[PDB]
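Read the structure below first, then the notes.
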Amino acid sequence: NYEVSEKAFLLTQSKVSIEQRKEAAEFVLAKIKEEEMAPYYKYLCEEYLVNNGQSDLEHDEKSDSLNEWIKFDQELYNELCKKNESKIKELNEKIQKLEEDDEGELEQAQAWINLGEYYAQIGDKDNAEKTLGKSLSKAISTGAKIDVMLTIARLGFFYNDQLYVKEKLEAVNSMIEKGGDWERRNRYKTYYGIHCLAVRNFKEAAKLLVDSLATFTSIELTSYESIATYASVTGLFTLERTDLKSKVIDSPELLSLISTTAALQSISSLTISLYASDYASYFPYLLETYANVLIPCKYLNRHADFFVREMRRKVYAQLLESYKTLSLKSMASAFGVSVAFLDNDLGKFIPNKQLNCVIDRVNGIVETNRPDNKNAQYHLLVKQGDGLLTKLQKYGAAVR
Amino acid sequence: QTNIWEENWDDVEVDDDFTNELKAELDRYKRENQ
Amino acid sequence: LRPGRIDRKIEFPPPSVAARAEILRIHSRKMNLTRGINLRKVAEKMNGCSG
């Protein structure tokens with residue numbers, strides 16, 4: 001499941017290297033052999049289809065597909081349907097015998113969960129769900145309700161999905177506030193920090209994501225680098241430096257995995273080099289991070305410029321500041337970079353509503369100004385009497 | 001376009017990051033030229 | 001032990017690390033935690049211990 005959806009994501013994102021394409025489905029090629037992945041690997045092969053995912057032995061085979069590995073065979077189905085049936089048949093009478101013998105309940109639910117996991121291996125966003133229902137139907141335990149999480153987490157994030165599972169996560173979480181004791185809370189927070197990481201988490205669960213580590217990861221629903229990676233980035237890109245320089249300044253967590261995946265090396269690291277307030281070095285470390293981090297990984301791509309430019313803003317906002325003063329030149333020039341261009345997007349922060357920057361172009365000079373009490377007193381005030389006016393009419397719609 | 005991304009403000013713009021690097025090189029390359 | 005009183009006479013049996021490790025992973029489960037944590041090792045350190 002796990003690398004699937006990412007190796008999916010990997011090749012679905014393939015831009016940089018054929019490897020980006022190649023190496024992912026490479027496994028998936030072996031993995032659709034490993035598991036009968038076709039039924040979504042079907043639509044997975046229609047997922048990145050009509051980009052470079054255009055070469056399949058079922059869906060489409062196109063030269064403009066740089067990925068041929070998005071291919072099938074009908075044997076896969078034969079393989080599948082056999083495996084499928086085999087799985088099915090076995091569990092069927094098994095479950096049917098569990099039904100026959102009135103054998104256990106969770107034990108009935110047992111093969112159900114077994115029935116369930118296939119559709120993860122299979123890729124069926126299906127029976128497993130109904131199975132889960134008839135698993136959960138047989139659940140006398142939140143520990144089986146735990147499997148909802150497991151199920152739903154495998155559900156949503158086999159496709160890297162959204163809400164229902166999150167809602168299910170909400171649902172399955174809200175049920176027992178035992179939060180799987182300490183743990184499923186994490187699993188909750190994990191995928192919650194992932195659901196909400198679609199596309200956001202930003203300030204929100206990145207904390208939580210950072211908050212609990214290393215307390216879980218999943219294997220099939222996530223790796224440990226993953227959570228760390230993700231948790232770092234957003235939480236870093238978002239959260240309070242104090243926190244970050246309390247926490248991601250370093251954590252035994254980090255200290256453990258620092259450069260261990262090499263892959264990061266940057267996220268906080270070269271941002272700790274930002275957090276080392278270079279001018280340049282980080283400004284390369286950006287894309288040095290970006291393409292090594294954002295493009296590669298699921299949400300990390302789709303959100304994109306949220307980061308970019310926001311750390312790119314971040315570098316303006318707390319690091320370089322407005323700045324309250326100093327000729328833009330000494331910034332824009334004495335930092336050995338494009339005066340105008342840098343200044344432009346930098347100036348594009350003037351109306352971004354975030355700049356207390358006060359910026360001249362001619363004199364290449366920058367200033368600042370208190371933000372008074374504005375903050376968010378009435379500004380949003382409008383929204384709700386409106387949100388009432390919704391009701392207020394909706395009410396006035398009640399009537400008869 | 002999909003359903004729920006982070007939405008607003010707005011789509012921003014595009015071709016910046018590499019453009020930046022293209023310039024980050026050039027910038028630094030200009031700073032190499034410096 | 002006579003039937004009608006104790007009919008089906010069934011008898012428990014001591015456990016061990018695994019049972020402990022399980023029971024551990026059950027009670028450790030309960031309490032709030034942090035990873036890097038092998039319960040068996042604890043249950044291994046455990047001996048002459050019960051649920």
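By order in the structure tokens, chains are A, B, ...; within a chain, residues start at 1; ligands start at 1, following the order shown.
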
Considering only C-alpha atoms, give me a table of residues in chain C that are at most 10 Å from chain A, with the closest atom pair and distance in Å for each, as a tab-separated table.
residue	atom	partner	partner_atom	distance
C:26	CA	A:181	CA	9.9
C:27	CA	A:181	CA	9.5
C:28	CA	A:181	CA	9.1
C:29	CA	A:181	CA	6.2
C:30	CA	A:181	CA	4.8
C:31	CA	A:182	CA	6.1
C:32	CA	A:182	CA	4.2
C:33	CA	A:182	CA	5.9
C:34	CA	A:215	CA	4.7
C:35	CA	A:215	CA	4.4
C:36	CA	A:214	CA	7.4
C:37	CA	A:215	CA	9.1

Once you count only C-alpha atoms, what closest atom pair and distance in Å to one decimal does each residue of chain A within 8 Å of chain B have, with rows by chain and rising residue number, as a tab-separated table?
residue	atom	partner	partner_atom	distance
A:198	CA	B:5	CA	6.8
A:199	CA	B:5	CA	5.3
A:200	CA	B:6	CA	6.1
A:280	CA	B:28	CA	7.7
A:283	CA	B:24	CA	7.1
A:284	CA	B:24	CA	6.4
A:287	CA	B:17	CA	6.8
A:303	CA	B:6	CA	7.5
A:305	CA	B:12	CA	7.9
A:308	CA	B:17	CA	7.0
A:309	CA	B:17	CA	7.8
A:336	CA	B:31	CA	4.6
A:337	CA	B:27	CA	4.0
A:338	CA	B:27	CA	5.4

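Each of A:226, A:135, A:127, A:92 was compared to residue 106 in chain A using only C-alpha atoms, and A:135 turns out to be the nearest.
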
Subject >> Exercise: range 34-38 of chain A partners within 8 Å, only C-alpha atoms, chain neighbours under 3 positions left out, as a PyMOL selection string >> reply: chain A and resi 30-31+41-42+72+76-77+79-80+83-84+121-123

Convert the current residue selection to file output with C-alpha atoms, as a PDB file, in the first residue's frame.
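File selection.pdb, as written:
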ATOM      1  CA  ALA A  30       7.153  -5.906  -9.259  1.00  0.00           C
ATOM      2  CA  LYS A  31       4.488  -4.889  -6.758  1.00  0.00           C
ATOM      3  CA  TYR A  41      -3.622   0.134 -10.526  1.00  0.00           C
ATOM      4  CA  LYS A  42      -6.151   0.058 -13.322  1.00  0.00           C
ATOM      5  CA  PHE A  72      -0.613  -4.121 -17.406  1.00  0.00           C
ATOM      6  CA  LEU A  76      -2.453  -9.635 -13.991  1.00  0.00           C
ATOM      7  CA  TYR A  77      -6.230  -9.918 -13.973  1.00  0.00           C
ATOM      8  CA  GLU A  79      -3.305 -13.554 -11.640  1.00  0.00           C
ATOM      9  CA  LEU A  80      -5.609 -11.124  -9.842  1.00  0.00           C
ATOM     10  CA  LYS A  83      -5.689 -14.360  -6.332  1.00  0.00           C
ATOM     11  CA  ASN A  84      -8.899 -12.390  -5.906  1.00  0.00           C
ATOM     12  CA  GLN A 121      -3.454  -5.213  -1.760  1.00  0.00           C
ATOM     13  CA  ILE A 122      -5.963  -5.492  -4.545  1.00  0.00           C
ATOM     14  CA  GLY A 123      -6.662  -1.777  -4.578  1.00  0.00           C
TER      15      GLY A 123
END
